[PDB]
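This report refers to the structure that appears directly beneath it.
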Amino acid sequence: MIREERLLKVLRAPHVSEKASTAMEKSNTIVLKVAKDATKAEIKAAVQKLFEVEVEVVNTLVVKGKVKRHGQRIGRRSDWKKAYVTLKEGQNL
Amino acid sequence: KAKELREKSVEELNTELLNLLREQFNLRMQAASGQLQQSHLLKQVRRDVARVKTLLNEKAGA
Amino acid sequence: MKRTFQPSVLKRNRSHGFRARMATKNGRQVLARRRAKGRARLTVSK
Amino acid sequence: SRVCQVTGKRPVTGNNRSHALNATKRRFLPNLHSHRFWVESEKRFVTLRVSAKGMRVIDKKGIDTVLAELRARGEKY
Amino acid sequence: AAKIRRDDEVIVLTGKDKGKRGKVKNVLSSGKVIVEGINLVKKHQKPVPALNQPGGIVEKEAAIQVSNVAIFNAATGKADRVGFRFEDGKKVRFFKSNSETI
Amino acid sequence: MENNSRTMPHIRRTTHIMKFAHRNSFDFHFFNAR
RNA sequence: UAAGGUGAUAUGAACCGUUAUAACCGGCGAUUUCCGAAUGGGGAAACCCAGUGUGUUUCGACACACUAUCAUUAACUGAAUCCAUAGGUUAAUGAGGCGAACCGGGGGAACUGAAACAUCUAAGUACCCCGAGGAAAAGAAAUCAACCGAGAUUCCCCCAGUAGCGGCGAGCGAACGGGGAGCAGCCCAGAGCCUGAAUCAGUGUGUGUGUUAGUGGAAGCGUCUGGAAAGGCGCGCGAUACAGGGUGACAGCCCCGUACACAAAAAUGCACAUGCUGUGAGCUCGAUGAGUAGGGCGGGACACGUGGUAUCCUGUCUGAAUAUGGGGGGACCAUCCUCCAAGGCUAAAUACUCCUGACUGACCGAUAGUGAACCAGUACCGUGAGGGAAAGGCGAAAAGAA
RNA sequence: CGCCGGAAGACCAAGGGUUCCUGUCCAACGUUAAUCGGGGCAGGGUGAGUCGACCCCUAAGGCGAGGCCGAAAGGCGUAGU
Ligand SMILES: NCCC[C@H](N)C(=O)O
Ligand SMILES: [K+]
Ligand SMILES: [K+]
Ligand SMILES: [K+]
Ligand SMILES: [K+]
Ligand SMILES: [K+]
Ligand SMILES: [K+]
Ligand SMILES: [K+]
Ligand SMILES: [K+]
Ligand SMILES: [K+]
Ligand SMILES: [K+]
Ligand SMILES: [K+]
Ligand SMILES: [K+]
Ligand SMILES: [K+]
Ligand SMILES: [K+]
Ligand SMILES: [Mg+2]
Ligand SMILES: [Mg+2]
Ligand SMILES: [Mg+2]
Ligand SMILES: [Mg+2]
Ligand SMILES: [Mg+2]
Ligand SMILES: [Mg+2]
Ligand SMILES: [Mg+2]
Ligand SMILES: [Mg+2]
Ligand SMILES: [Mg+2]
Ligand SMILES: [Mg+2]
Ligand SMILES: [Mg+2]
Ligand SMILES: [Mg+2]
Ligand SMILES: [Mg+2]
Ligand SMILES: [Mg+2]
Ligand SMILES: [Mg+2]
Ligand SMILES: [Mg+2]
Ligand SMILES: [Mg+2]
Ligand SMILES: [Mg+2]
Ligand SMILES: [Mg+2]
Ligand SMILES: [Mg+2]
Ligand SMILES: [Mg+2]
Ligand SMILES: [Mg+2]
Ligand SMILES: [Mg+2]
Ligand SMILES: [Mg+2]
Ligand SMILES: [Mg+2]
Ligand SMILES: [Mg+2]
Ligand SMILES: [Mg+2]
Ligand SMILES: [Mg+2]
Ligand SMILES: [Mg+2]
Ligand SMILES: [Mg+2]
Ligand SMILES: [Mg+2]
Ligand SMILES: [Mg+2]
């Protein structure tokens with residue numbers, strides 16, 4: 001398998017948007033913010049255990065951080081990974 | 001703490017380490033959904049994992 | 001008209017990148033000089 | 001390099017002095033030759049890169065005495 | 001090692017409120033104290049529509065320097081200075097003028 | 001080269017501007033005192 | 001050590017603590033992603049791909065460890081080729097890279113000066129390279145002196161801009177001897193007796209002292225001016241403390257300190273003392289560093305440019321005598337004096353400061369002083385090496401204007 | 001109404017890096033005004049067994065265990081990579 005302490009650190013947050021809420025209504029897909037070095041096999045095994053649902057497939061993408069100018073310092077936000085987790089059609093959440 | 005956890009052995013410390021990481025995952029989901037009012041709980045659980053992993057190493061490598 | 005700077009990231013890293021500087025002794029003295037001056041960018045890298 | 005294996009001679013620098021005493025840098029090289037020496041103690045020929053003066057050291061000391069200082073130096077033949 | 005602490009009765013030695021008495025609300029890491037009814041300012045407070053707080057001329061206490069107050073010896077009725085001595089195992093503060101423990 | 005100009009940092013070689021014999025409209029018949 | 005805390009811009013939120021498990025400071029530990037000598041292979045630095053061995057498994061997979069090169073030593077193997085050697089595999093130990101100056105060595109300019117310029121100068125300087133240490137190098141006379149004597153090396157002041165060298169031009173420039181700082185001598189080229197008798201190196205323990213957090217630390221109010229008193233006037237007190245800083249204007253007595261007196265659970269530097277391992281002192285006898293000294297030819301170093309040129313070093317060619325003997329005393333010979341080359345080790349006086357602490361200045365005060373008092377080697381310029389700024393001040397308190 | 005239409009249309013590589021979309025603002029930036037913008041501020045947006053990279057294989061060429069050579073630094077090159 002995997003380690004359960006590895007599982008307890010992969011999933012970070014649920015992502016909130018109009019695309020994230022449309023994907024749950026019509027496509028049966030939750031959108032999550034996951035760890036940056038997480039794999040698709042680690043995300044699938046974490047959702048099936050910590051949420052106790054059945055996952056069909058995981059699609060991931062890396063979001064690039066934006067360059068913001070706070071005052072006069074030119075800064076940059078960090079990158080993060082986003083996962084599209086498709087549940088099976090007998091689902092929950 | 002740190003004296004109540006010195007009077008447990010390695011498997012009871014492994015049991016408590018997993019319980020602290022389960023609570024740390026549940027505080028993350030409440031804080032990221034705008035549902036956690038007591039934000040001081042995030043620092044407490046984080047530094048108790050550091051206490052348990054400190055004691056596990058000074059029982060094994062010592 | 002055609003000017004002198006025509007950018008190419010592969011030719012940039014092969015000519016003055018970090019491993020190109022570390023490959024000869026004279027390139028390693030470039031990095032020692034730039035560390036001694038205290039520069040925020042050592043090489044032309046990513 | 002141009003180094004004698006027995007005596008340790010190597011190129012040294014000096015001057016070309018002309019009749020008007022113009023000085024130009026030159027080198028002095030050792031008179032190096034590669035030569036195979038018979039080792040009676042081993043029934044084997046050993047090739048060394050020696051100067052002509054280093055050949056006279058071997059003729060005086062013997063080839064086994066010379067090869068022992070070559071091991072003690074850490075030289076590899 | 002601090003001579004003026006919280007909840008102490010102090011008297012002001014310097015300024016517009018010189019000679020008045022009060023209790024220390026808190027000590028600050030700047031070397032300043034906030035004393036009740038001492039060093040009052042009027043802050044023109046802006047309104048913000050959260051907090052349910054409207055604006056107004058609010059009167060609050062400003063921090064005075066800690067060397068500008070002294071401990072008030074209630075027995076003598078004067079400003080006194082503070083020393084340190086070991087009664088039991090532990091350090092205490094006492095008044096300089098009569099060597100009595102605070 | 002002029003490498004640290006603060007008034008014009010974008011340009012290093014500027015004598016095509018004010019030196020008359022280096023302008024693009026210089027003709028060698030201006031140099032007829034020969 | 002403590003009644004207050006959760007670093008800053010920088011508030012707020014949510015909390016912790018108040019007589020001791022809040023926070024803060026110090027010693028010893030734990031953790032310590034990836035890149036970088038980077039070391040499992042590769043690579044456009046912070047990335048890509050593995051091999052082997054254990055352990056796990058819900059059978060899909062996971063977790064940990066090891067695997068670079070070279071040198072030295074050992075083991076097992078192993079050709080042409082009979083013995084063998086070369087080579088191969090494995091194991092142990094070490095090295096690698098970085099760093100401001102100082103040190104030793106290997107190479108080594110030109111501008112310039114000569115009122116041109118080639119010998120000469122600049123200068124063995126700049127620079128490049130290798131190596132080492134807290135210092136390095138040198139060092140215990142084949143040295144000087146002068147018929148009297150001195151006594152290893154290094155550094156300082158004289159000797160002396162002298163004696164000399166020099167297109168005898170520009171320039172270069174000693175030694176002898178004298179005064180100081182510091183002071184130290186040994187070992188192998190070998191046997192016998194006596195053994196482990198001096199010394200050194202490592203470690204343990206004890207003692208002393210220092211460092212890495214700290215503790216205590218004296219004595220002032222009345223009045224006038226003023227926004228505010230530390231100032232003016234009046235009367236007191238402390239001082240082994242009137243160094244310094246802060247506080248609403250200039251404070252010995254308001255605060256922090258200062259003189260002085262104390263402090264270590266733990267780590268560590270020196271100073272002895274002692275335990276252990278390693279080392280072996282002393283007597284007699286013997287021995288006294290050979291392709292070397294010297295020479296011819298070509299160069300270089302000595303203040304000394306080949307000159308009448310001693311002495312040292314050696315690229316090349318030669319080549320002795322062995323204390324009944326050799327080296328030197330500035331061409332060379334005789335006499336006399338003095339010292340033993342061709343093996344090695346050695347503290348102090350000396351050089352330097354990237355860094356840490358204290359203190360000082362007829363040093364600077366924002367176009368000055370570091371390029372940089374401010375988020376500066378930044379913005380910006382350049383393919384790159386590299387170049388490189390501008391920019392300090394409300395008030396006592398934000399009381400920063402409801 | 002006028003202009004391009006083997007482009008002044010469409011899709012990419014290289015290069016750039018959020019300029020994309022939505023809301024809001026108009027000091028400065030835009031050679032004028034601006035309610036607008038590639039400007040300021042906030043939020044959102046990039047979903048792969050089959051496309052591309054990575055990967056397997058090599059060219060020119062680079063590096064190169066041993067090796068050969070060179071005052072030193074280094075040069076060339078075999079097996080390989
Ligand atoms: N190589 C081109 C550099 C361009 C530069 N701004 C110049 O004026 O030279
Ligand atoms: K010969
Ligand atoms: K090294
Ligand atoms: K010259
Ligand atoms: K001249
Ligand atoms: K001339
Ligand atoms: K002599
Ligand atoms: K004093
Ligand atoms: K004062
Ligand atoms: K000699
Ligand atoms: K001579
Ligand atoms: K200024
Ligand atoms: K400046
Ligand atoms: K406008
Ligand atoms: K314009
Ligand atoms: Mg799909
Ligand atoms: Mg994808
Ligand atoms: Mg960030
Ligand atoms: Mg590598
Ligand atoms: Mg690697
Ligand atoms: Mg190095
Ligand atoms: Mg050398
Ligand atoms: Mg001249
Ligand atoms: Mg010279
Ligand atoms: Mg030495
Ligand atoms: Mg104290
Ligand atoms: Mg001690
Ligand atoms: Mg002798
Ligand atoms: Mg000569
Ligand atoms: Mg001459
Ligand atoms: Mg003589
Ligand atoms: Mg004579
Ligand atoms: Mg300045
Ligand atoms: Mg000014
Ligand atoms: Mg650039
Ligand atoms: Mg400037
Ligand atoms: Mg400046
Ligand atoms: Mg038309
Ligand atoms: Mg933008
Ligand atoms: Mg747009
Ligand atoms: Mg406008
Ligand atoms: Mg637009
Ligand atoms: Mg915009
Ligand atoms: Mg913007
Ligand atoms: Mg592919
Ligand atoms: Mg090669
Ligand atoms: Mg060298």
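Labels below follow one simple rule: chain letters A, B, ... track the order of the sequence lines, proteins then strands, and each chain is numbered from 1.
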Phosphate-side-chain proximity, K11(C) and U383(G), N/O vs OP1/OP2 below 4.0 Å: no
Strand contacts (RNA chain H) in residues 23-62 of chain A, 4.0 angstrom heavy-atom criterion: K40(A), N59(A), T60(A), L61(A)
Distance below 4.0 Å between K16(E) side-chain N/O and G227(G) OP1 or OP2: no
Check: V46(D) and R44(D) side chains under 4.5 Å, non-hydrogen atoms: yes
Residues from residues 2-19 of chain B lying under 4.0 Å of RNA chain H - heavy atoms: none
Phosphate contact (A379(G) OP1 or OP2) by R41(C) side-chain N/O below 4.0 Å: yes
Under 3.5 Å donor-acceptor pairs involving side-chain atoms of residues 38-46 of chain C, not counting sequence neighbours:
{"from": "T43(C)", "atom 1": "OG1", "to": "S45(C)", "atom 2": "OG", "distance (Å)": "2.9"}

Nearest-nucleotide 5' precedence on RNA chain H, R28(C) against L29(D): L29(D)
Where chain D begins and ends its contact with RNA chain H, read 5' to 3' at 4.0 Å from heavy atoms: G70(H) to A72(H)
Major or minor groove - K66(A) side chain, cut-off under 5.0 Å: major
For nucleotides 10-18 of chain G, tabulate all protein N/O to nucleotide N/O atom pairs closer than 3.5 Å, reporting atom names and distance.
{"from": "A14(G)", "atom 1": "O2'", "to": "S39(B)", "atom 2": "N", "distance (Å)": "3.3"}
{"from": "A14(G)", "atom 1": "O2'", "to": "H40(B)", "atom 2": "N", "distance (Å)": "3.2"}
{"from": "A14(G)", "atom 1": "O2'", "to": "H40(B)", "atom 2": "ND1", "distance (Å)": "2.9"}
{"from": "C15(G)", "atom 1": "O5'", "to": "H40(B)", "atom 2": "ND1", "distance (Å)": "3.3"}

Close approaches to RNA chain H from residues 63-77 of chain D, in residue order (heavy atom, under 4.0 Å): none
Pick out the pairs of N or O atoms, protein on one side and nucleotides 287-292 of chain G on the other, that lie under 3.5 Å.
{"from": "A290(G)", "atom 1": "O2'", "to": "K60(D)", "atom 2": "NZ", "distance (Å)": "3.1"}
{"from": "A290(G)", "atom 1": "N3", "to": "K60(D)", "atom 2": "NZ", "distance (Å)": "3.1"}
{"from": "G291(G)", "atom 1": "OP1", "to": "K61(D)", "atom 2": "NZ", "distance (Å)": "3.4"}
{"from": "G291(G)", "atom 1": "OP2", "to": "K61(D)", "atom 2": "NZ", "distance (Å)": "3.2"}
{"from": "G291(G)", "atom 1": "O4'", "to": "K60(D)", "atom 2": "NZ", "distance (Å)": "3.2"}
{"from": "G291(G)", "atom 1": "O2'", "to": "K53(D)", "atom 2": "NZ", "distance (Å)": "3.2"}
{"from": "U292(G)", "atom 1": "OP1", "to": "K53(D)", "atom 2": "NZ", "distance (Å)": "2.8"}

Contact state string [nucleotides 40-47 of chain G, B base, S sugar-phosphate only, - no protein heavy atom under 4.0 Å]: ---BBB--
Sugar-phosphate, base or nothing in reach of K18(E), heavy atoms under 4.0 Å: sugar-phosphate
Sugar-phosphate only, base, or nothing, as touched by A50(B) at under 4.0 Å among non-hydrogen atoms: nothing
Any N/O pairs under 3.5 Å between the protein and nucleotides 112-114 of chain G? List them or say none.
none

Partner residues of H44(E) under the ring pair (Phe, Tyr, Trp, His ring centres under 6.0 Å) criterion, sequence neighbours left out: none
What N/O pairs connect the protein and nucleotides 78-89 of chain G at under 3.5 Å? Give each pair on its own line.
none

Bend angle of the helix from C200(G)-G278(G) to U212(G)-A266(G), end axes from five pairs each (to 10°): 10°
